[PDB]
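**Student:** Got a structure for you, written out below as structure tokens; questions coming shortly.
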Protein chains: 4
Amino acid sequence: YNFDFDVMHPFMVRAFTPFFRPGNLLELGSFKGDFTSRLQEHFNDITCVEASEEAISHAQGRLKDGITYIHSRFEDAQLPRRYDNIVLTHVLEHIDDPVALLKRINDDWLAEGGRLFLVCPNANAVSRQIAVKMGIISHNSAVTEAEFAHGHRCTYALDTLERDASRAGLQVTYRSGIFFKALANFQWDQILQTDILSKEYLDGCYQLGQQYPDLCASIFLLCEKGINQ
Amino acid sequence: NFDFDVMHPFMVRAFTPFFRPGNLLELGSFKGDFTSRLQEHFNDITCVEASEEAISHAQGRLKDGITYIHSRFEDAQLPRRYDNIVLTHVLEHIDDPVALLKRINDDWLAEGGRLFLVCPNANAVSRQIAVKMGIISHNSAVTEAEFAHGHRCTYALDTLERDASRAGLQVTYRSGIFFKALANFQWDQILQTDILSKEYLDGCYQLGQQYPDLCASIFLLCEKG
Amino acid sequence: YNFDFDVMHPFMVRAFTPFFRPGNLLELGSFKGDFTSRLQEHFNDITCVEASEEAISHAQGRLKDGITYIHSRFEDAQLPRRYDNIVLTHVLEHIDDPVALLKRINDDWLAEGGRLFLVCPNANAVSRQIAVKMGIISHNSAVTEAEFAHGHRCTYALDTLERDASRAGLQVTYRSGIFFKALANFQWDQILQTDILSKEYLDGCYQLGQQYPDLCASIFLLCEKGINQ
Amino acid sequence: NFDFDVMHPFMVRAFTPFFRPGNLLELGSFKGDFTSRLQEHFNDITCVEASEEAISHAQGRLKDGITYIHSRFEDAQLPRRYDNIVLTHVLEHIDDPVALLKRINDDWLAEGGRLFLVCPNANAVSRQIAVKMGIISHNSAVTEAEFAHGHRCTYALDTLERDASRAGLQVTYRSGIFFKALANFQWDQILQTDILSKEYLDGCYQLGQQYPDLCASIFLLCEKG
Ligand SMILES: [Cl-]
Ligand SMILES: [Cl-]
Ligand code: NA
Ligand code: NA
């Protein structure tokens with residue numbers, strides 16, 4: 001059990017489902033294709049952009065047909081088309097110039113009526129706030145040493161995430177949160193090996209999280225295209 | 001009027017990303033004040049309203065493309081099932097709310113259809129301040145004036161989802177509409193002044209989504225169970 | 001490990017400590033003396049009112065000197081004195097007429113300058129809200145069957161608790177919450193047998209709970225005497 | 001003025017149940033506006049203020065029982081240690097806030113003494129609405145105007161407790177003062193009207209305690225580590 005892959009990925013797909021547009025999907029930062037496989041249950045026409053040849057090859061081997069793979073960094077990517085749905089989940093925090101990426105999404109890649117599904121780890125998640133109170137993390141939006149090593153350049157909260165989307169020219173249509181998270185991953189991974197927490201308890205955390213977006217594991221902005229000339 | 005001038009447009013904004021293609025049923029359409037806004041999104045709207053006077057008034061002021069059904073909910077015979085059903089600021093008046101919601105689930109929602117269920121929120125900031133002030137006993141109380149207006153309940157997210165769930169609906173999304181720190185009587189006064197802008201109101205709508213429990217109205221997006 | 005006795009009792013004493021007045025203390029509903037023993041670290045002159053002869057006898061055996069024991073129901077209790085500190089923790093929810101008890105506290109028992117420490121289980125605790133979303137409990141302020149069996153007649157939240165204090169003539173001076181609680185007791189009691197959660201993590205829950213009173217395990221009103229004639 | 005007329009009295013209300021018997025030190029007492037309120041609770045108050053003009057003004061308008069110390073914090077030589085230390089709306093101006101807090105911990109607090117640390121809150125409702133409106137980039141930003149006024153930080157509970165902790169203080173209680181949904185410029189306008197009562201303001205103070213993160217100002221009660 002990995003909390004991110006086994007718990008968060010499915011709830012993210014749940015969170016997105018009511019907002020999906022008919023048509024195609026673009027997955028930015030598809031890596032090894034773990035999230036793509038869930039998206040394939042919803043879309044037959046998926047385009048995947050990933051900078052790592054190794055990751056993109058693994059995906060290619062594992063996933064079913066109907067994926068267009070684009071091996072590129074986002075700033076160099078030349079896409080053949082515009083997209084009805086764009087997924088950017090746990091990628092923006094790794095980008096040196098996040099406004100410039102969101103701006104490409106707005107200006108170059110969103111179809112008319114298209115939607116961006118923008119999801120990042122939340123600074124203000126309960127578990128993270130507890131770690132801040134414990135002094136393990138200096139403050140909520142801090143980037144820790146491990147985090148920086150893993151490539152994080154920011155730790156978004158709803159305030160700074162909407163700022164950057166807004167700065168990029170996107171229209172933010174909906175703000176929400178995914179999964180009320182009171183334990184840290186290291187704790188989840190241990191507890192999930194036990195029968196202490198049920199699947200219903202997890203579903204409850206998802207359900208309650210919608211009522212306290214600011215306290216969830218990940219925060220979620222639904223965005224639409226704004227006119228920029 | 002805060003409710004018609006501020007709340008109605010934000011309710012439509014909140015629904016817009018969830019609307020399904022197809023038709024729409026408005027339950028409790030009254031004089032058509034909300035229907036007019038919905039007409040910007042749908043050419044095929046069916047309206048159910050028990051007051052003949054109200055429904056007559058709407059018919060007078062709305063554009064073509066409306067099927068009007070003059071009936072109590074318990075008596076209503078609808079000719080189709082619906083991709084979108086709106087029940088906004090109605091359920092808190094209903095003596096047996098779960099029974100109405102169960103008709104929606106079992107009879108009126110199309111497969112794939114969505115119910116837009118919106119009710120005034122007991123935990124709204126302005127109401128909580130009124131409770132702290134001793135004006136209202138507690139958040140989910142029904143005041144004498146509200147009871148006189150026909151309220152039988154003051155929903156919060158907990159009680160509203162309970163009733164939807166008991167009816168057999170699948171509650172898909174929970175949210176709030178408008179971060180509300182002032183009472184209607186105060187808004188109606190301040191709205192005559194230039195102390196608050198439209199951008200302020202927009203800001204309250206945006207912030208509201210981040211604190212659903214504190215909003216003016218709470219919103220459950222539901223699907224057929 | 002019992003979450004209530006091992007985790008909540010000590011945090012309750014922490015929560016109270018900054019507000020304690022010099023002088024004596026009255027503990028209403030002292031039962032077997034589990035909480036009294038912690039209070040004895042702070043006060044040498046404690047008066048304990050308890051309706052159960054069995055419980056009050058157990059306390060008597062176990063606790064150190066400096067306790068005045070009063071075996072009475074609250075409505076019949078004739079106390080010799082007024083008190084600088086009154087503790088009513090997890091008792092008010094068991095009372096058929098809670099305003100009438102709080103009114104005795106205001107009118108008969110609080111000394112001038114005296115403080116009431118009023119603590120009840122919170123309807124809106126995170127764990128409880130999750131159980132509501134799971135459909136195990138109908139709504140936050142519901143009283144479940146097990147709860148009713150244990151003697152609960154109400155499940156307070158900050159709104160209804162301040163209402164009743166106010167109705168009784170008390171002045172509510174401070175509102176807070178004790179312990180950010182995302183798991184149910186049955187889960188705590190299992191997890192506490194493991195090394196999954198540390199003492200620092202628990203302290204973090206206490207610390208964060210103060211910032212979200214409405215979501216804590218127990219809610220806490222600090223009250224002072226109001227004039228009633 | 002919202003800050004002097006509403007905020008100051010609620011700050012005293014918030015401190016009152018935590019006050020220790022003994023003496024009190026007010027750091028950054030300026031013209032004595034807050035000191036006058038504290039004088040209702042303490043006969044032995046020591047005031048530290050760097051502006052000679054300000055401190056002269058206070059001396060003119062305050063009652064006996066005040067020791068005035070005209071000094072920068074870094075230079076201040078205090079004759080005693082203090083049972084109560086007040087540092088309200090000062091720390092956000094200090095270039096090295098942890099260094100000031102460390103002097104408080106190590107040199108000025110009496111054993112058993114309490115520090116009343118209060119700063120304007122980045123996550124205040126009114127500020128969050130301003131951020132959603134695009135007026136301020138984000139909650140903890142410092143605006144040009146605020147920077148011109150000397151702010152170097154916009155604290156929230158997370159950053160304020162971080163700095164107190166780094167100084168070696170023991171953070172004993174965390175709270176908020178005043179649930180604030182309107183900006184000062186809006187309060188100052190609405191306060192001229194009769195749209196909001198004193199009971200409304202009291203209600204905002206009461207509700208604020210239940211949502212510290214959303215208050216006008218945040219309040220840490222600290223003790224010596
Ligand atoms: Cl159907
Ligand atoms: Cl000392
Ligand atoms: Na442009
Ligand atoms: Na009386």
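Please note that chains go A, B, ... in the order of the structure tokens, that every chain numbers its residues from 1, and that ligands are numbered from 1 in the order shown.
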Which residues are near ligand 4 in this structure, taking near to mean any atom at most 9 Å from a ligand atom and counting only C-alpha atoms and all ligand atoms? Format them as a list in words.
**Tutor:** residues 169, 227, 228 and 229 of chain C
**Student:** Go ahead and write the selection's residues with C-alpha atoms as a compact mmCIF listing (two decimals), in the first residue's frame.
**Tutor:**
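What ended up in result.txt:
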```txt
# COMPACT_ATOMS: atom_id res chain seq x y z
CA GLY C 169 -27.01 33.24 33.44
CA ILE C 227 -25.62 38.52 38.34
CA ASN C 228 -29.05 36.94 38.69
CA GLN C 229 -31.67 37.99 41.20
```
**Student:** When you get a sec, could you note down which chain A residues fall within 10 Å of chain D, using only C-alpha atoms, as a list in words?
**Tutor:**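 Close enough to count are residues 124, 129, 132, 133, 135, 137, 138, 139, 140, 141, 142, 157, 158, 159, 160, 161, 162, 163, 164, 166 and 167 of chain A.
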**Student:** Pull N, CA, C and O atoms from the residues just selected and write them as a short mmCIF file (atom, residue, chain, number, x, y, z; two decimals), in the first residue's frame.
**Tutor:**
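That gives us result-v4.cif:
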```
data_model
loop_
_atom_site.label_atom_id
_atom_site.label_comp_id
_atom_site.auth_asym_id
_atom_site.auth_seq_id
_atom_site.Cartn_x
_atom_site.Cartn_y
_atom_site.Cartn_z
N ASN A 124 -1.76 23.43 3.69
CA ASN A 124 -2.56 23.55 4.87
C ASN A 124 -3.25 22.24 5.25
O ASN A 124 -4.11 22.24 6.08
N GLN A 129 0.03 20.47 8.86
CA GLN A 129 -0.05 21.44 9.93
C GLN A 129 0.41 20.85 11.27
O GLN A 129 1.07 21.53 12.05
N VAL A 132 4.13 20.78 11.24
CA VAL A 132 4.59 22.15 11.50
C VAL A 132 4.55 22.43 13.04
O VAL A 132 5.51 22.93 13.63
N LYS A 133 3.45 22.06 13.69
CA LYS A 133 3.33 22.27 15.13
C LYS A 133 4.39 21.46 15.86
O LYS A 133 4.96 21.93 16.85
N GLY A 135 7.25 20.98 14.85
CA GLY A 135 8.54 21.54 14.48
C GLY A 135 9.34 20.78 13.46
O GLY A 135 10.51 21.09 13.27
N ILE A 137 8.50 20.68 10.28
CA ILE A 137 8.42 21.54 9.11
C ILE A 137 8.28 22.97 9.64
O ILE A 137 7.53 23.19 10.59
N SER A 138 8.96 23.94 9.05
CA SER A 138 9.01 25.25 9.69
C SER A 138 7.68 25.96 9.65
O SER A 138 7.28 26.58 10.65
N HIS A 139 7.00 25.91 8.51
CA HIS A 139 5.70 26.58 8.35
C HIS A 139 4.97 25.91 7.16
O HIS A 139 5.57 25.13 6.44
N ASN A 140 3.68 26.16 7.00
CA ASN A 140 2.89 25.29 6.12
C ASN A 140 3.43 25.27 4.67
O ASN A 140 3.60 24.21 4.05
N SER A 141 3.72 26.46 4.13
CA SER A 141 4.13 26.57 2.75
C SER A 141 5.62 26.40 2.57
O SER A 141 6.13 26.66 1.49
N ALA A 142 6.33 26.01 3.62
CA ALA A 142 7.73 25.71 3.49
C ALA A 142 7.91 24.59 2.50
O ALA A 142 7.02 23.76 2.28
N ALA A 157 -0.89 26.46 -1.42
CA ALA A 157 -2.19 26.43 -0.71
C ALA A 157 -3.20 27.04 -1.70
O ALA A 157 -2.81 27.51 -2.80
N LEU A 158 -4.46 27.09 -1.32
CA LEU A 158 -5.48 27.64 -2.23
C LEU A 158 -5.18 29.07 -2.63
O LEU A 158 -5.48 29.49 -3.76
N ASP A 159 -4.59 29.84 -1.73
CA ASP A 159 -4.32 31.23 -2.05
C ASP A 159 -3.28 31.41 -3.16
O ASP A 159 -3.50 32.18 -4.14
N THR A 160 -2.15 30.71 -3.04
CA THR A 160 -1.08 30.88 -3.97
C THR A 160 -1.35 30.12 -5.27
O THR A 160 -0.93 30.53 -6.34
N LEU A 161 -2.02 28.99 -5.18
CA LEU A 161 -2.44 28.26 -6.39
C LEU A 161 -3.42 29.07 -7.28
O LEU A 161 -3.19 29.20 -8.46
N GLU A 162 -4.47 29.65 -6.71
CA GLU A 162 -5.37 30.51 -7.48
C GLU A 162 -4.64 31.73 -8.00
O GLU A 162 -4.88 32.15 -9.12
N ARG A 163 -3.72 32.28 -7.20
CA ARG A 163 -2.87 33.40 -7.69
C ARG A 163 -2.17 33.07 -8.99
O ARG A 163 -2.22 33.85 -9.95
N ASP A 164 -1.48 31.97 -9.02
CA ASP A 164 -0.70 31.63 -10.19
C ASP A 164 -1.62 31.31 -11.38
O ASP A 164 -1.30 31.69 -12.51
N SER A 166 -4.55 32.59 -11.90
CA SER A 166 -5.05 33.84 -12.29
C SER A 166 -4.03 34.64 -13.06
O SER A 166 -4.37 35.25 -14.08
N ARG A 167 -2.81 34.66 -12.54
CA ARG A 167 -1.70 35.30 -13.23
C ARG A 167 -1.44 34.77 -14.65
O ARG A 167 -0.95 35.51 -15.51
#
```
**Student:** From the set A:58, A:128, A:81, A:103, which residue has the shortest atom-to-atom contact distance to ligand 3, counting only C-alpha atoms and all ligand atoms?
**Tutor:** A:103
**Student:** Determine which residues of chain C sit within 7 Å of chain A, taking into account only C-alpha atoms, and present them as a list in words.
**Tutor:**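 Taken together, these residues fit the definition: residues 130, 133, 134, 182, 187, 196, 200, 201, 204, 205, 207 and 208 of chain C.
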**Student:** Could you take the residues named above and write them with N, CA, C and O atoms, as a PDB file, in the first residue's frame?
**Tutor:**
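See result35.pdb below for the written result:
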```
ATOM      1  N   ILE C 130     -17.006  12.223  10.151  1.00  0.00           N
ATOM      2  CA  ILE C 130     -16.715  11.101   9.261  1.00  0.00           C
ATOM      3  C   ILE C 130     -17.728   9.970   9.489  1.00  0.00           C
ATOM      4  O   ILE C 130     -18.240   9.397   8.515  1.00  0.00           O
ATOM      5  N   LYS C 133     -20.875  10.885   7.809  1.00  0.00           N
ATOM      6  CA  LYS C 133     -20.772  10.708   6.364  1.00  0.00           C
ATOM      7  C   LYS C 133     -20.865   9.233   6.007  1.00  0.00           C
ATOM      8  O   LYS C 133     -21.489   8.877   5.001  1.00  0.00           O
ATOM      9  N   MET C 134     -20.316   8.355   6.850  1.00  0.00           N
ATOM     10  CA  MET C 134     -20.392   6.906   6.661  1.00  0.00           C
ATOM     11  C   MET C 134     -21.787   6.357   6.951  1.00  0.00           C
ATOM     12  O   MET C 134     -22.055   5.173   6.765  1.00  0.00           O
ATOM     13  N   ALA C 182      -9.335  13.005  14.505  1.00  0.00           N
ATOM     14  CA  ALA C 182      -9.722  12.529  13.167  1.00  0.00           C
ATOM     15  C   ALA C 182     -10.045  11.032  13.121  1.00  0.00           C
ATOM     16  O   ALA C 182     -10.555  10.537  12.117  1.00  0.00           O
ATOM     17  N   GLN C 187     -10.567   3.202  17.068  1.00  0.00           N
ATOM     18  CA  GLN C 187      -9.359   3.230  16.260  1.00  0.00           C
ATOM     19  C   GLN C 187      -8.145   3.680  17.073  1.00  0.00           C
ATOM     20  O   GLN C 187      -7.067   3.110  16.930  1.00  0.00           O
ATOM     21  N   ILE C 196       2.956   3.602  15.694  1.00  0.00           N
ATOM     22  CA  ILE C 196       2.629   4.365  14.490  1.00  0.00           C
ATOM     23  C   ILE C 196       2.522   5.865  14.806  1.00  0.00           C
ATOM     24  O   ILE C 196       2.971   6.696  14.020  1.00  0.00           O
ATOM     25  N   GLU C 200       4.593  13.207  20.333  1.00  0.00           N
ATOM     26  CA  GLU C 200       4.695  14.507  19.695  1.00  0.00           C
ATOM     27  C   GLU C 200       3.557  14.763  18.702  1.00  0.00           C
ATOM     28  O   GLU C 200       3.165  15.910  18.481  1.00  0.00           O
ATOM     29  N   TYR C 201       3.079  13.687  18.079  1.00  0.00           N
ATOM     30  CA  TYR C 201       2.010  13.762  17.122  1.00  0.00           C
ATOM     31  C   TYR C 201       0.768  14.114  17.909  1.00  0.00           C
ATOM     32  O   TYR C 201      -0.015  14.950  17.496  1.00  0.00           O
ATOM     33  N   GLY C 204       0.847  17.652  18.856  1.00  0.00           N
ATOM     34  CA  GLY C 204       0.494  18.428  17.654  1.00  0.00           C
ATOM     35  C   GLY C 204      -1.015  18.550  17.427  1.00  0.00           C
ATOM     36  O   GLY C 204      -1.517  19.595  16.965  1.00  0.00           O
ATOM     37  N   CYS C 205      -1.743  17.486  17.730  1.00  0.00           N
ATOM     38  CA  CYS C 205      -3.185  17.482  17.606  1.00  0.00           C
ATOM     39  C   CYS C 205      -3.787  18.412  18.617  1.00  0.00           C
ATOM     40  O   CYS C 205      -4.798  19.028  18.346  1.00  0.00           O
ATOM     41  N   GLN C 207      -2.216  21.087  19.889  1.00  0.00           N
ATOM     42  CA  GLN C 207      -1.821  22.408  19.456  1.00  0.00           C
ATOM     43  C   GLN C 207      -2.699  22.874  18.289  1.00  0.00           C
ATOM     44  O   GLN C 207      -3.197  23.992  18.291  1.00  0.00           O
ATOM     45  N   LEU C 208      -2.851  22.025  17.272  1.00  0.00           N
ATOM     46  CA  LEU C 208      -3.690  22.403  16.131  1.00  0.00           C
ATOM     47  C   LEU C 208      -5.161  22.545  16.473  1.00  0.00           C
ATOM     48  O   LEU C 208      -5.823  23.387  15.904  1.00  0.00           O
TER      49      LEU C 208
END
```
**Student:** Counting only C-alpha atoms and all ligand atoms, name the residues that have an atom within 10 Å of an atom of ligand 2; the answer should be given as an NGL selection string.
**Tutor:** :D and (80-83 or 106-113 or 224)
**Student:** Any chance you can output those residues with N, CA, C and O atoms as a compact mmCIF listing (two decimals), in the first residue's frame?
**Tutor:**
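Output file again_3.txt is given in full below:
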```
# COMPACT_ATOMS: atom_id res chain seq x y z
N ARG D 80 13.44 45.37 36.06
CA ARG D 80 12.81 44.20 36.65
C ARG D 80 12.51 43.16 35.56
O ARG D 80 12.82 43.38 34.39
N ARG D 81 11.92 42.04 35.95
CA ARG D 81 11.33 41.11 35.00
C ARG D 81 9.83 41.10 35.27
O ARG D 81 9.43 41.48 36.36
N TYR D 82 9.02 40.68 34.29
CA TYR D 82 7.61 41.05 34.24
C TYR D 82 6.67 39.86 34.19
O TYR D 82 6.90 38.85 33.52
N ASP D 83 5.58 39.99 34.95
CA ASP D 83 4.59 38.95 35.01
C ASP D 83 3.74 38.89 33.76
O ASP D 83 3.18 37.84 33.43
N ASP D 106 14.41 35.32 27.28
CA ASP D 106 15.62 35.10 28.05
C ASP D 106 15.84 36.16 29.12
O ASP D 106 16.40 35.87 30.17
N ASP D 107 15.43 37.40 28.85
CA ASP D 107 15.74 38.50 29.74
C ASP D 107 14.56 39.14 30.46
O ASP D 107 14.70 39.56 31.62
N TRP D 108 13.40 39.24 29.82
CA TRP D 108 12.35 40.11 30.35
C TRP D 108 11.19 39.46 31.03
O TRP D 108 10.58 40.07 31.91
N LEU D 109 10.82 38.26 30.59
CA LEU D 109 9.74 37.53 31.23
C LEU D 109 10.20 37.04 32.59
O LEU D 109 11.25 36.48 32.71
N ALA D 110 9.36 37.25 33.60
CA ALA D 110 9.52 36.66 34.90
C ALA D 110 9.20 35.17 34.76
O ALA D 110 8.48 34.75 33.85
N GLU D 111 9.76 34.35 35.64
CA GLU D 111 9.33 32.97 35.74
C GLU D 111 7.84 33.01 36.07
O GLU D 111 7.38 33.82 36.91
N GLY D 112 7.07 32.19 35.38
CA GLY D 112 5.62 32.25 35.52
C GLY D 112 4.93 33.36 34.72
O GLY D 112 3.72 33.40 34.65
N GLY D 113 5.71 34.26 34.13
CA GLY D 113 5.18 35.36 33.33
C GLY D 113 4.58 34.92 31.99
O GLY D 113 4.88 33.82 31.48
N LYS D 224 7.72 31.43 29.35
CA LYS D 224 9.17 31.26 29.22
C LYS D 224 9.44 29.77 28.98
O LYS D 224 8.81 28.93 29.61
```
**Student:** What are the residues of chain B lining chain D at 10 Å or less? Count only C-alpha atoms, and put the answer as number ranges by chain.
**Tutor:** B: 125-126, 128-134, 179-183, 185-190, 193-196, 199-208
**Student:** Near residue 55 of chain D, within 7 Å and counting only C-alpha atoms, which residues show up once chain neighbours fewer than 5 positions away are dropped, as a PyMOL selection string?
**Tutor:** chain D and resi 30-31+49
